[PDB]
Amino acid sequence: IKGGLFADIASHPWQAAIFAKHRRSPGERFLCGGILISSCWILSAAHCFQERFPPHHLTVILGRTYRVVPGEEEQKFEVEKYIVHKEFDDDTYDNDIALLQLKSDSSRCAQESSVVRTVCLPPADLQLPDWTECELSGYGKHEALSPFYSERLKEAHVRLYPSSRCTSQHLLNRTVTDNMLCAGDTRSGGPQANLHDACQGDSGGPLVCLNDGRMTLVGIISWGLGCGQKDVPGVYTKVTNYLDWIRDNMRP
């Protein structure tokens, strides 16, 4: 997360850290962030799984404030099966969505706690006013230029961009489709050292807004050009466009 502030997992119980390993099992590296929707299902970004990993080589860790430092009440699960949206495009990142089924001993996997809780999926008709300030979280880079991921969970705050302003023109000629969302810090000349923004490592993480008293998921950190770049917003997958897909692929 570029800019923003350090946050404790309890402020974003729905954040998931997904780790993966290498040949010969030398060590499991931080892959991407995830979003907890139900006890055994977490969403993430399809692009994170472009290397076609064997499920049992993917570990989702819930309830963890520090990226690699194990939490007092965390919950580590192995992936049974992960579904990657078939129409996902690697160039345009169109359809950047995926589901990870958690492996458990019962009908429930993630046991709800003070540090582990689900996000409420957005209603089909969710129409949040342009410029409403939503927040995001992640263990990703602080600078896209940085060689290191964040040792600890971070949170930032972005303003939802109007439909019209979320176009190819406004994003250096990259393909922005109707399945994408734009949000980005809109401050200038303030007291803060960095524009708020997601960054490399935050992918798959949640962009949540307050809706009807509850924190509702609005988008999945998908892509962007740099991090905290003046007048360039960040792109997020429209979760509403995939409410249907989500319900359909959640097979036990």
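Start at 1 with the first residue shown and count on from there.
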property: Of 94 to 102 and 114 to 122, the one with larger mean CA B-factor; result: 94 to 102
property: Mean C-alpha temperature factor, higher of 75 to 83 and 176 to 184; result: 75 to 83
property: Candidate residues 203, 65, 211, 59, the one whose C-alpha B factor the record puts highest; result: 59
property: Third assignment of residue 39 from its chain's C-alpha B-factors; result: highest
property: Relative C-alpha B-factor of residue 194, binned into the chain's lowest, middle or highest third; result: highest
property: Ranked against its chain, the third holding the CA B-factor of residue 27; result: highest
property: Residue 216 - Cα temperature factor, lowest/middle/highest third of chain; result: middle
property: Relative C-alpha B-factor of residue 223, binned into the chain's lowest, middle or highest third; result: lowest
